[PDB]
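Whatever position you read off the sequence shown (first residue = 1), add 30 for the deposited numbering. For every residue, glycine included, the Cβ atom is placed at its ideal position computed from N, Cα and C.
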Amino acid sequence: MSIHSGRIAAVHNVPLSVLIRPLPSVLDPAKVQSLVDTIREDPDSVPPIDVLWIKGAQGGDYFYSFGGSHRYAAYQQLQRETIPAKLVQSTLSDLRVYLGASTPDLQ
Ligand SMILES: Nc1ncnc2c1ncn2[C@@H]1O[C@H](COP(=O)(O)OP(=O)(O)OP(=O)(O)O)[C@@H](O)[C@H]1O
Ligand SMILES: [Mg+2]
Numbered sequence: 031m032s033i034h035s036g037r038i039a040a041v042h043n044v045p046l047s048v049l050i051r052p053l054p055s056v057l058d059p060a061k062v063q064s065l066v067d068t069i070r071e072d073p074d075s076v077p078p079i080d081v082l083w084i085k086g087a088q089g090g091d092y093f094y095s096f097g098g099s100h101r102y103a104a105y106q107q108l109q110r111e112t113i114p115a116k117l118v119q120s121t122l123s124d125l126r127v128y129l130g131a132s133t134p135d136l137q
């Protein structure tokens with residue numbers, strides 16, 4: 031009778047450089063290193079990080095990253111070009127939950 035409907039999410043290898051990280055990270059250096067070790071020997075055991083995928087007023091794609099901080103840090107320390115990310119389609123109102131009056135008028 032019924033179906034489940036929701037926002038589109040898709041896992042991709044996303045260049046680290048395109049992830050916008052507005053806020054500072056709180057990091058346990060031990061956990062970053064444990065993650066670096068895991069990524070090196072068993073990357074499949076490290077899930078994709080969740081990323082807001084926002085399309086702006088004129089169709090620009092923007093990728094906002096808030097969580098996944100330890101994984102993000104670990105991929106940076108490995109000088110990786112990309113990171114596995116679950117791109118979750120999100121609206122500017124979704125973004126405003128994080129950014130409030132600082133939310134950009136994305137184009
Ligand atoms: N060696 C490891 N150390 C920590 N987490 C690991 C490790 N290997 C795999 N994982 C997995 O990676 C994910 C890490 O998520 P977690 O929420 O702990 O940190 P984060 O999201 O990267 O950073 P934060 O939550 O601080 O923003 C979890 O799914 C965990 O099971
Ligand atoms: Mg987390």
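- In the DSSP assignment, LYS85 forms a beta bridge with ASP91.
- Taking 7 Å as the cut-off, one finds at least one heavy atom of ligand 1 near enough to the beta carbon of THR68.
- Around the Cβ of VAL44, a 10 Å sphere holds 16 or more other Cβ atoms; the residue is buried.
- Distances from the CB of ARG110 to the heavy atoms of ligand 1 are all 7 Å or more.
- Each of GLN137, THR133, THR112 and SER132 was checked against the Cα of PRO73, and the nearest Cα belongs to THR112.
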